[PDB]
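Handing you this structure, nothing more for now.
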Amino acid sequence: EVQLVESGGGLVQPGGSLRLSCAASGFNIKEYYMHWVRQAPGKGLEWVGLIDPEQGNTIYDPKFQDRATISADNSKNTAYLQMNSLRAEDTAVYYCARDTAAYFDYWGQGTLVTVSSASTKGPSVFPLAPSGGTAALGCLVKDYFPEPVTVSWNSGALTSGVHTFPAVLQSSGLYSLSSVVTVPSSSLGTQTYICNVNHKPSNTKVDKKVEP
Amino acid sequence: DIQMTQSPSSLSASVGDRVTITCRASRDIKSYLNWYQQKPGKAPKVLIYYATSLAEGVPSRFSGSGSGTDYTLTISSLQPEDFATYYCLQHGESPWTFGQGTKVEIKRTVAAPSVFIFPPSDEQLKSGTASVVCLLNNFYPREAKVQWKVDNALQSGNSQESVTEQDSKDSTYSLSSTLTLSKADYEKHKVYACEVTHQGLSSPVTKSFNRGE
């Protein structure tokens, strides 16, 4: 069971540095090339660079040659990417990937780095309460920064009928997002619905019961 | 660097249709060209490697062809789950470069939205703001219009909306619209409604509630 788990995402000030980790399990990074690829919100994939963990050789896209450093610690079986002098253009989801030579066969989950001078703010979570055979309920996650927020239902077991919408930037410069779930009208009285909201930047975890 | 240009940038086709996507490298890449599929919010997944080989676990409806500078990805019978953005990647020389991506949408039969309206929660009303939300659920095509009315008067400039990516199973879309008012204004007025127009609706559908009731 090969796994690549990334960490180090979040909010960074313009001119500051990102420091991401890609912890590997199920294989030895020493036997493969490990690469970093990023994707700015709504844009295409962009190659950052690679490292051969065996002897440490690296290759960077010329755009990052002067500001990025890819490295690896075999004893912790982890690859890292550090990039300094960050600007707005560096806001993106960064992925680490295992290269077999032929293709990338395993990927990290991806972590968003947001380059902004704005301050981190945790969201307020409010219920969207149900009013023929189908009803809908949901949660309004409001006034947070920076992205992202993850929303699940009944601790992630409920995915049927769930729709979590893209956040929108409000007039205040803070984000707002809603998640709804459609359900049998009859289930409103025979079962409870709970939305779970996680905003890592502000270490906020909220469980909100949504009742008619 | 080697520039990779994909064509077209987006396309839509029906379930069962054949889909073709091309990619041109600015110079010879000697078949070191892979195709990756990326669904919303997920890491890319390889489909084809070395221009023509099908990656393990990938459905046989996917195939790649080409050599030199020109490459083509073919999906023989498009399936709902094939909604995604497809990228070519040349790894013939550094820096490795990706095409800009080609977004593939599924074309399906018209489906009218199911509409729901939500008043602001009491918890939110403890503060200075009130949010009223309207949900347009599982409809197709993506185009839809929502207008808000407070005390039967059409509203302007105080709402924002967002739409989900096409559903991977039924190929529909959902949309959420939020009307924002001050808590003082919300408490002053009574009737709150959202009116929806869509290709699958012969006439507008309105959902509403009266504060208090």
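Lettering follows sequence order; numbering is per chain, from 1. Only this structure's heavy atoms are used, side chains among them; waters, hydrogens and symmetry mates stay out.
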- Using a cut-off of 6.0 Å, state whether more than 12 heavy atoms not belonging to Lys121(A) lie near its atom NZ. yes
- Task: Could you list which of residues 61-75 of chain B have a heavy atom closer than 4.5 Å to any heavy atom of chain A, in residue-number order?
- Result: none
- Message: Around atom CZ of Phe27(A), are there more than 12 heavy atoms from other residues, nucleotides or ligands closer than 6.0 Å?
- Response: yes
- Task: Let me know if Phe209(B) has heavy atoms under 4.5 Å from chain A in its side chain, its backbone, both or neither.
- Result: neither
- Non-hydrogen atoms of chain A under 4.5 Å away: do they reach the side chain of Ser53(B), the backbone, both or neither? neither
- Item | Minimal non-hydrogen separation, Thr164(B) against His163(A), with atom names | CG2-CB, 4.1 Å
- Determine, stepwise, if the pair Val37(A) / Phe98(B) fulfils side chain to side chain contact (heavy atoms under 4.5 Å, CB included). CA-CA 10 Å; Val37(A) 169; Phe98(B) 289 92; 4.1 Å; yes
- Query: In terms of heavy-atom pairs under 4.5 Å, which option from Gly110(A), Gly44(A), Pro166(A) contacts chain B the most?
  - Reply: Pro166(A)
- Tightest non-hydrogen contact, residues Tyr103(A) and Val46(B), listed as CD1-CG1, 3.7 Å
- Message: Please determine whether the number of non-hydrogen atoms from other residues, nucleotides or ligands lying under 6.0 Å from atom CZ of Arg24(B) exceeds 12.
- Response: no
- chain B contact via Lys142(A) - which portion, at a heavy-atom distance below 4.5 Å: side chain
- Pick one of side chain, backbone, both or neither for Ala97(A), based on which atoms fall under 4.5 Å of a heavy atom in chain B. neither
- Given a strict heavy-atom distance threshold of 4.5 Å, which part of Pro44(B) is in contact with chain A: side chain, backbone, both, or neither? both
- Message: Taking side chain as everything from C-beta outward and backbone as N, CA, C, O, which of these in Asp99(A) sits under 4.5 Å from a heavy atom of chain B? Side chain, backbone, both or neither.
- Response: side chain
- Identify which part of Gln38(B) has an atom lying under 4.5 Å from any heavy atom of chain A, answering side chain, backbone, both or neither. side chain
- Query: Got a sec, which pairs hit side chain to side chain donor-acceptor pair (under 3.5 Å) with one end in residues 86-95 of chain B, sequence neighbours left out?
  - Reply: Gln39(A)-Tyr87(B), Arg27(B)-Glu93(B), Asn34(B)-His91(B), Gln37(B)-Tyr86(B), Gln90(B)-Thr97(B)
- Count the heavy-atom pairs under 4.5 Å between each of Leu175(B), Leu89(B), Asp167(B) and chain A, then report the option with the highest count. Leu175(B)
- Item | Under 4.5 Å from a heavy atom of chain B, the part of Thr182(A) involved | side chain
- Which of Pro127(A), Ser171(A), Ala129(A), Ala136(A) touches chain B most, by non-hydrogen pairs under 4.5 Å: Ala136(A)
- May I have all residue pairs that pass salt bridge (charged side-chain N to carboxylate O under 4.0 Å, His left out) and include part of residues 37-53 of chain B, sequence neighbours excluded? none
- Query: For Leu137(A), is it the side chain, the backbone, both, or neither that has a heavy atom closer than 4.5 Å to a heavy atom of chain B?
  - Reply: backbone
- Task: Measure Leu169(A) against the heavy atoms of chain B and call it side chain, backbone, both or neither at under 4.5 Å.
- Result: backbone
- Message: Below 30° counts as parallel, above 60° as perpendicular, anything between as tilted: where do the rings of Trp96(B) and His35(A) land?
- Response: tilted
- More than 12 non-hydrogen atoms from neighbouring residues, nucleotides or ligands closer than 6.0 Å to NZ on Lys145(B), yes or no? no
- Message: Please classify the contact between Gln100(B) and chain A as side chain, backbone, both or neither, with a heavy-atom cut-off of under 4.5 Å.
- Response: backbone
- Task: Sort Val210(A) into side chain, backbone, both or neither according to what part of it lies under 4.5 angstrom from a heavy atom of chain B.
- Result: neither
- Query: Can you tell me how far the OG atom of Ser176(B) sits from the CG atom of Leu128(A), to the nearest 0.5 Å?
  - Reply: 7.5 Å
- What's the spacing between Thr178(B) OG1 and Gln170(A) CD if we round to 0.5 Å? 8.5 Å
- Which bit of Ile59(A) comes within less than 4.5 Å of chain B, counting heavy atoms only: side chain, backbone, both or neither? side chain
- Query: With a 4.5 angstrom heavy-atom cut-off, which part of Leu140(A) approaches chain B: side chain, backbone, both or neither?
  - Reply: side chain
- Answer yes or no: are there more than 12 heavy-atom neighbours, outside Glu56(B) itself, under 6.0 Å from its atom CD? no
- Considering only heavy atoms, which portion of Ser176(A) lies under 4.5 Å from any heavy atom of chain B: side chain, backbone, both, or neither? neither
- Residues in residues 130-139 of chain B near chain A [non-hydrogen atoms, under 4.5 Å]: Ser131(B), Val133(B), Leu135(B), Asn137(B), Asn138(B)
- Item | Interface moiety of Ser178(A) toward chain B, non-hydrogen atoms closer than 4.5 Å | side chain
- Between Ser121(B) and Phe126(A), what is the shortest heavy-atom contact and its length? OG-CB, 3.5 Å
- Residue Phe165(A) versus chain B: region with a heavy atom under 4.5 Å: both
